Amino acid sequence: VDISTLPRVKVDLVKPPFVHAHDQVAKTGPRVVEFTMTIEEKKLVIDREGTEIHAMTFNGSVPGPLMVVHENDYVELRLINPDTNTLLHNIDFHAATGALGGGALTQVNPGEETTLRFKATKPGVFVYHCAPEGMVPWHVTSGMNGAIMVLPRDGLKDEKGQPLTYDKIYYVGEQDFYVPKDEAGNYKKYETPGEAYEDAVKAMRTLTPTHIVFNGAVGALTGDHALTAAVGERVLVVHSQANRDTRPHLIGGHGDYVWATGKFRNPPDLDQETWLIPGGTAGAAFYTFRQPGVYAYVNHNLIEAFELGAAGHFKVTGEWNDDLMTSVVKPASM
C-alpha cells in the first residue's frame, strides 16, 4: 500500500545502555517510525589516565542509540550535521537494502540535513555506522556507530517456537579505538582531524587497538552506572561491534538463548558460556538471573577486558540460592 496511508510514530532516542520504550509484540499495523539524530563531534575522555580523543558521534554518545522497530515497518531518519562540526558524515544501515545501506544518499556537510526512508524487511539486530567514501574506518573507529533492532511482529521465540519475553533490555556497544603512539609508546596529540588523519591510519593498520571500551570509556558501566536486575528477571542484552570481533561473557551467568550473529529467523543457541559476535555485527543474548550479587560482563579475551577496558558490571538484587552454589568450607589455613 501507499506509504502516506500508514501510521507515523515519532520516537525520541535515549542514551545507551538504555533503550527507548517500545512493544515487543507489535500493537499496530506496519508504521513509519520517525527518528532524528544530530551528529556531534566532541572531545571524550576514554580511560582512567585521562586520554582524550576527538570523538565522532551520533546524538552525542558512543555508541549511538539503539533504534527499535518491527519487521516491515519503515524507518525514516532525519540526520542533522550542524555547522559547528568540521567533517562530512553519512549513515549506512546494515538493516537496509540498497545504496550502500543508505550511505550513498545521506552524505551531509556541516550545516546540512537529510531524510532517508527504508523498509526494515529482515528481523534481527543490525549495526549502523558512518561510512564516508575514502574515510570509513576512521569515522567508525572514532565512535560513529550504533545499532538497530527489527523485532519480529510477534516478538522473540525460542528454539521450539514458544514466546520469549524480556523484562529489561540493555544495549552495550563495544568500541575499538586506535590512539596513535610514538616510538616510546606514548599517545600522540593533534590540533585538527586533518593533521590526525595519517597517524590515525598508521595506528589502525597495526590492527592492535589501544582501548576497547563499553559505552564510550573504561569503566562506563561500573559503579553508579552498573547495569541492574533482580533475581528472576529476564534481561536482553544487545551487543554490537562495528569493526572488530568480540566475545561477550557474563561472569557468573550464561546466555540462556543467544543469537550470536543477531538474526531472529534463526533458532537461538542455548546455554552459551561465551559467544562470538563478528566485527560488523550485532548480537543479542537473553538470560534469566538466578543469583544475586555483582556480575561482570566482559569481552572474554581477558586482556581486552581487564587491561584495555572491555568490562562492565551488573548489580543483581535478590535471594541467594545455596542449592546452586555454596561455600562448604570458607577459605582458611591448615
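The numbering used is simple: start at 1 and walk along the sequence shown. For clarity, a rigid core is taken as the largest C-alpha set superposing within 1.5 Å between two forms.
- After fitting on the rigid core, which stretch moves more in 7 other deposited structures of this protein, 227-235 or 103-111, going by C-alpha RMS? Result of the core-fitted comparison in 7 other deposited structures of this protein: 103-111 deviates more.
- Message: So, in 7 other deposited structures of this protein, taking the root mean square over structures and residues of the Cα distances after a rigid core fit: is 181-189 or 78-86 the more displaced stretch?
- Response: With the rigid core fitted, 181-189 is the stretch that strays more in 7 other deposited structures of this protein.
- Averaging only over Cα atoms, indicate whether 256-264 or 219-227 has the higher B-factor in the PDB entry. It is 219-227 that shows the higher mean C-alpha B-factor.
- Message: Test of understanding: from the entry's C-alpha B-factors, which stretch has the higher mean, 277-285 or 34-42?
- Response: Comparing 277-285 with 34-42, the higher average CA B-factor belongs to 34-42.
- Item | Peak C-alpha temperature factor (PDB record), options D73, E198, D92, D176 | Highest C-alpha B-factor among the listed options: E198.
- Reading the B-factor column of the entry, which of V69, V294, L66, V298 has the highest value at its C-alpha atom? So the option with the highest C-alpha B-factor is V294.
- CA B-factor placement of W320, once the chain's modelled residues are sorted into thirds: Its C-alpha B-factor belongs to the highest third of this chain's values.
- Message: Split into thirds by Cα B-factor across the chain's modelled residues, where does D182 land: lowest, middle or highest?
- Response: Ranked within chain, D182 CA B lands in the highest tercile.
- Task: Would you check the entry's CA temperature factor for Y128 and let me know if it's in the chain's lowest, middle or highest third?
- Result: Within its chain, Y128 is a lowest-third residue by C-alpha B-factor, going by the deposited values.
- Task: Would you check the entry's CA temperature factor for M56 and let me know if it's in the chain's lowest, middle or highest third?
- Result: Highest third, going by the recorded CA B-factors of the chain.
- Message: Please say which third, lowest, middle or highest, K10 falls into when its CA temperature factor is compared across its chain.
- Response: Highest third of the chain for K10's C-alpha B-factor.
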